[PDB]
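Q: Next up is a structure, given as structure tokens.
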Amino acid sequence: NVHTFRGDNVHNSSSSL
């Protein structure tokens with residue numbers, strides 16, 4: 001739940017992946 005809050009989920013889920 002917090003991943004999206006502390007680094008946007010790894011740069012928007014690896015930018016796409």
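Chain identifiers are assigned as A, B, and so on, following the order in which chains appear in the structure tokens; residues are numbered from 1 within each chain, and ligands are numbered from 1 in order of appearance.
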Please identify all polymer residues within 12 Å of residue 13 in chain A, counting only C-alpha atoms, omitting same-chain residues fewer than 4 positions from it, and present them as a list in words.
A: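 Contacts, with the query itself left out: residues 3, 4, 7, 8, 9 and 17 of chain A.
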Q: I need the alpha helix (DSSP H) residues of chain A per DSSP on the backbone, written as an NGL selection string.
A: :A and (8-14)
